[PDB]
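>>> Whatever this is, show me its structure:
(10 chains)
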Amino acid sequence: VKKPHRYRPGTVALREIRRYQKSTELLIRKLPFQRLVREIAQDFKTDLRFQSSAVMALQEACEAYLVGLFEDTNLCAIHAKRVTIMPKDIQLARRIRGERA
Amino acid sequence: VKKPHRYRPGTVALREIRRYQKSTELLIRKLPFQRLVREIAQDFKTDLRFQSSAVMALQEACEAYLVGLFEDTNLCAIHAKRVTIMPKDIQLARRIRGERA
Amino acid sequence: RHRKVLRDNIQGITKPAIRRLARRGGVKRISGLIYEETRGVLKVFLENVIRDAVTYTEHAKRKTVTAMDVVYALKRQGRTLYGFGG
Amino acid sequence: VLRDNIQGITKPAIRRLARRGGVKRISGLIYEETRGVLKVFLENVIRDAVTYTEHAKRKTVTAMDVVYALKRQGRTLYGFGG
Amino acid sequence: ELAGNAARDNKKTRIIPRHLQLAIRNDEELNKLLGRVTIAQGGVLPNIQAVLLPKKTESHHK
Amino acid sequence: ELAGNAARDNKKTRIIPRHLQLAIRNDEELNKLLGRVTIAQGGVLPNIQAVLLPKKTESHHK
Amino acid sequence: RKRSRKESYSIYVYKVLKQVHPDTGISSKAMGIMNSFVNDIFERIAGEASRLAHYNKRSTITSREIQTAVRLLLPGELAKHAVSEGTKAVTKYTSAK
Amino acid sequence: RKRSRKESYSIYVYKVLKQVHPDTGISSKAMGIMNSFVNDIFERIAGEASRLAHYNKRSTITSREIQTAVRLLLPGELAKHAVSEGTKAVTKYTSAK
DNA sequence: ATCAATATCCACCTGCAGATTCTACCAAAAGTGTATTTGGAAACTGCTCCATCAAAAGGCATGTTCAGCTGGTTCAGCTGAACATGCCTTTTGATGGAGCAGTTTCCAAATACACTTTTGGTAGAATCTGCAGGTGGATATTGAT
DNA sequence: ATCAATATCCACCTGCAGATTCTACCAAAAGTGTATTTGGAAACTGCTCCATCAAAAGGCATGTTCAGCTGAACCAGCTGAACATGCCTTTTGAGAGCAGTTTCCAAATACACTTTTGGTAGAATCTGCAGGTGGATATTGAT
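Numbering: from 1, shown residues only, chains lettered A, B, ... in the order given. Right below this line is the structure:
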């Protein structure tokens, strides 16, 4: 070949969309998440221990929350006639759903 | 003055804003709202009667809900670099709040 | 005569009232199309609420809808209301 | 080296999450914001969980504590008991 | 306490609902606790977004 | 029942959670009942917003 | 030999699944999901029934309270079919004591 | 002359108001609002405390459970101040019977 | 249109972790009978809902005028998806041994329940004043010029 | 910018519609006493969890590269705000239904004891499915 084969922008991203939409495995790595949780809980109470299933539960809850947010965010972005998401989109969605924080 | 006095566009609305935000009186007239309530109740059960305070309470709830909706609407509008609200904004707001339609 | 006041129905909820409500929401400039959609939205909300109220009414074997039923119906939809009892 | 440990949640994992949301294009500034956002959610959950844990005068955190703390934020969870 | 302060702002000696709404919405924590509550006859805050207000460069222009 | 229909549709004889999520979200009424529930290992529905997809003007145009 | 006892709704789910689709199995995780689901609906309905009974100063829960709660919580046609099933169940049970 | 008796929390609120801002009154409607507010908070706390009791197989609801519920519902410094008031109050109660 | 490159679906097909079957028990469901508690069908009382017709006050359906917003176009940057490459944080997979989840004993600390005795919280009838409303006039604000 | 128009802010006055305060009582709070529970001290076990190692391997960090995207300028046009008005819709005031109590009881339903008894823990087998193996398509982009 004279040049390397190289997909155009969007195609491979869309391929990844369909792949991850077809499967269900968790996307966050186990160990870093474990260490994060342990550090925060340590900040609240010391020398705690964690069942594996509680960590898994937090994992599932976080990923579900994130995907829900990004979905509504994407709608907000499309509303402004763009395709690239930006922080103010997230802030808008989070302000409307009442998770103001 | 030969010319009748005339305010520039975008001032009497502001005057309305300050007047209605300083006060708390209900904006909608009672009778058509009352007739609407009775008409809608008829389609579920017949020969119902309504206490006045129940209708007043419903009116308050409706106005607060719509007021909040217009706030969220205007934010959705401002995100699109407009000042005029339109239906697709409303549809977006209701999609984000998690309601049905 | 066909008067049927603007429909003998919701269309008596005139434009300037909606305008006033939009003014309370901070709005400055409104399109003509808002009005109809708003009415539809309002209708939907009312329907659900009234249904619940009437259901409470049906449980106690009454034909007069009370304030308390409405308050509870508003509570279940996450729109708690103060100032009309409980 | 560790970077306050939130950085274990790498960029491409966030990118995969966004992909599952149906998003095509992501700005480089999202990631940092997302991290902060995530932290808040977790913090709230864990607080509630630990509080339940503290009431039983236990030192081991159980899944059920998390499930209840999620239930109270209106994000009810199925599939981990109770 | 908050309601009484808002009452003194309007030179009224008797607390009315408007004052309670102002008290709740201006304190962050209560607003979180009562985020999904409607105060009857409460109204809302005068908050208008800066963008929809006229141009502050409306001055000496010849 | 709905899950088993989806199972036969994917040529699998044993039920797993993905089937349940597919069954719930594809029915309007159950979606309303379970709009704020997370099924573990459930994933999401396939859905791409129409406007983000490339144009169908991808063929001989010369 | 000291050992525990954990209750669940596994067997009943299994019966129903064999009744509607005799030649088909289900994993344990999905069974867990169904268990959580059942428990959640049980909690919701009982809570609503309680609130109704308290507002009318009646100290007893009957099928009527459950029915009202169902019509409030569940939407439309689903509520109708469920009400019909429950009504048939009660009428057969009271007939065949 | 059937003469009813509808209870409320009005008078206590009025006392507190005269304690904190002596030269000030309050209408009836606002008092009704505050009454509904108190009722709401009471219901939330009691429900939460109940669930806490059931999860740990305890049949007594104690001050500890109330404390836990308050730490859950309320944010930060408000929780701390409320807890401090409660602890002071229970400490005074336990001694000076 | 055509044809090379990469990614994706589909026939054969095998050993096993998870699924199902099968024993053997005993912690939950029914029966019998009883003691205790209720929701709902008759009387009765006092708010307050049904929604007409004159007379009058003030809000809207219509039409008219024009400034300033929408939303289309063109385009100069710019920035973020694809990708190769290395290498290096994690994956499986074992092994230990400390200690919390959880169990059991049992009785000292905390509460229902049943009675009696104060008592203050709540209708209802007499007094108050802050604010609605009115009256009037100085200053702030829009805008023509 | 300066001056006219004109709404808004703000002083001063009166009375009455809601606020506040007095009074005679009955549902409710509280003190005894007992019985009846119940949750924390004490004592133990055994499953599951926290700190280590070793051989890969698959994912992250970093560094190039270019197609395609996000504002900024500008503007034809449309479309929705500001006022005259008249005109017409909305406010106000002159007996029986039904919510709210009360009797009081035929019916409903908790609770003590036994007798079963299907449900569950746990050992002992099945087999569909996570992998693999390989071939045939189906998108995609270059040209």
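>>> Could you give me the buried positions within the helix or strand harbouring residue C:45?
According to DSSP states H and E, residue C:45 maps onto helix C:34-59. Applying a neighbour-count criterion of 16 or more other C-beta atoms under 10 Å in any protein chain shown, one finds C:34-35, C:38-39, C:41-42, C:45-46, C:49-57, C:59 buried in helix C:34-59. Where C-beta positions appear, they are placed from N, C-alpha and C, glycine not excepted.
>>> Please apply the same query to stretch C:16-35.
Residues of stretch C:16-35 classed as buried by neighbour count (16+ other C-beta under 10 Å): C:17-28, C:30, C:34-35.
>>> Next: stretch G:28-40.
G:30, G:31, G:32, G:33, G:34, G:35, G:36, G:37, G:40.
>>> what's the last one in contact with, if anything?
What that stands for is residue G:40. D:76, D:78, F:37 (C-beta atoms under 8 Å, 6 or more residues apart in numbering or on different chains).
>>> That one looks like it's in a strand, true?
No: under DSSP: H, G, I helix; E, B strand; the rest coil, residue G:40 falls outside any strand and is assigned helix.
>>> Quick check, the residue in chain G closest to chain B?
For chain G, the residue closest to chain B is residue G:75, as judged by C-beta to the nearest C-beta, at 9.5 Å.
>>> quick one: that residue and residue F:33 touch, right?
Yes: look at residue G:75 against residue F:33 with C-beta atoms under 8 Å: they come within range, at 7.5 Å.
>>> For residue A:9, give its distance to chain F.
10 Å (C-beta to the nearest C-beta, to the nearest Å).
>>> Just give the number of residues close to that residue.
When neighbours are counted by other C-beta atoms under 10 Å in any protein chain shown, residue A:9 registers 8.
>>> roughly how far apart are the residue most central in space within chain A and residue D:9?
Centroid-nearest residue in chain A: residue A:66, 4.5 Å away (criterion: C-alpha atoms, centre = their mean). Computed as C-beta to C-beta, to the nearest Å, the residue A:66 to residue D:9 distance reads 10 Å.
>>> Need the residues touching each of the two.
Each of residue D:38 lies in contact with both residue A:66 and residue D:9 under the rule C-beta under 8 Å, 6+ apart.
>>> what residues are up against residue 55?
Using chain A. Applying C-beta under 8 Å, 6+ apart, the residues near residue A:55 are A:30, A:33, A:34, A:37.
>>> Switch to chain G, please.
Taking C-beta under 8 Å, 6+ apart as the test, what residue G:55 contacts is C:56, C:68, C:72.
>>> before we move on, the earlier item: so after the helix holding residue C:45, what's the next helix or strand?
Per DSSP H and E, the helix or strand that comes after helix C:34-59 is strand C:64-65.
>>> Please name every helix or strand in contact with that next one.
On a contact count with 3 or more C-beta pairs under 8 Å, 6 or more residues apart in numbering or on different chains; DSSP states H and E, strand C:64-65 meets strand B:49-50, helix C:34-59.
>>> what are the ranges of the strands in chain E?
Taking DSSP state E to define them, one finds strands in chain E at E:14-15, E:37-39.
>>> ok, and which of those strands has the densest surroundings?
The highest average neighbour count among those, using mean count of other C-beta atoms under 10 Å in any protein chain shown, belongs to strand E:37-39 at a mean of 22.
>>> quick check, distance from it to the centre of its chain.
14 Å (C-alpha atoms, centre = their mean, to the nearest Å).
>>> near chain D, anything from it?
No: on the criterion C-beta under 8 Å from any C-beta of the partner chain, strand E:37-39 is out of touch with chain D, staying 15.9 Å away.
>>> So what are the sheet partners of that strand and their directions?
When sheet partners are counted by DSSP bridges, strand E:37-39 sits next to strand C:80-82 (parallel).
>>> outside of the partner strand, which residues touch it?
Strand C:80-82 is contacted from outside by B:57, B:60-61, C:71, C:74-75, E:36-40, H:33, H:36-37, H:40, using C-beta under 8 Å, 6+ apart.
>>> same thing with stretch A:81-91?
Stretch A:81-91 is contacted by residues A:69-70, A:73-74, A:76-77, A:80, B:79-80, D:18, D:23-27, D:29-30, D:33-34, D:37, F:52 when judged by C-beta under 8 Å, 6+ apart.
>>> Just the buried positions in that stretch, please.
The neighbour-count criterion (16+ other C-beta under 10 Å) identifies A:85, A:86, A:89, A:90, A:91 as the buried residues of stretch A:81-91.
>>> quick one: which of these is nearest to residue G:3?
Minimum distance to residue G:3 across the buried residues of stretch A:81-91 is 50.7 Å, recorded for residue A:90 (C-beta to C-beta).
>>> A helix includes the closest one, no?
Yes: looking at residue A:90 with three-state DSSP, it is inside a helix.
>>> Could you say which helix or strand holds residue G:68?
Following DSSP H and E, one finds residue G:68 within helix G:63-73.
>>> tell me what that helix is packed against?
Secondary-structure packing of helix G:63-73 (3+ C-beta pairs under 8 Å, 6+ apart): helix C:34-59, helix G:28-55, helix G:76-95.
>>> How about the longest one and DNA strand J, touching?
The one in question is helix G:28-55. No: between helix G:28-55 and DNA strand J, judged by C-beta under 7 Å from any atom of the strand, nothing touches; the nearest distance is 10.6 Å.
>>> For stretch E:8-25, which outside residues touch it?
B:24, C:83, E:2-7, E:30-31, E:34, E:39-45, H:17, H:23-27, H:29-30, H:33.
>>> same thing but at 6 Å, please
The contact list for stretch E:8-25 (C-beta atoms under 6 Å, 6 or more residues apart in numbering or on different chains) reads B:24, E:2-3, E:6-7, E:30-31, E:34, E:39, E:41-42, E:45, H:24-27, H:30.
>>> Stretch G:1-15 now?
Contact partners of stretch G:1-15, identified using C-beta under 6 Å, 6+ apart, comprise G:31, G:34, G:35, G:38.
>>> and if we set it to 8 Å?
Against stretch G:1-15 from outside (C-beta under 8 Å, 6+ apart): G:26, G:31, G:34, G:35, G:38.
>>> so who does the residue of chain G closest to chain B touch?
By C-beta under 8 Å, 6+ apart, residue G:75 lies in contact with F:29, F:32, F:33.
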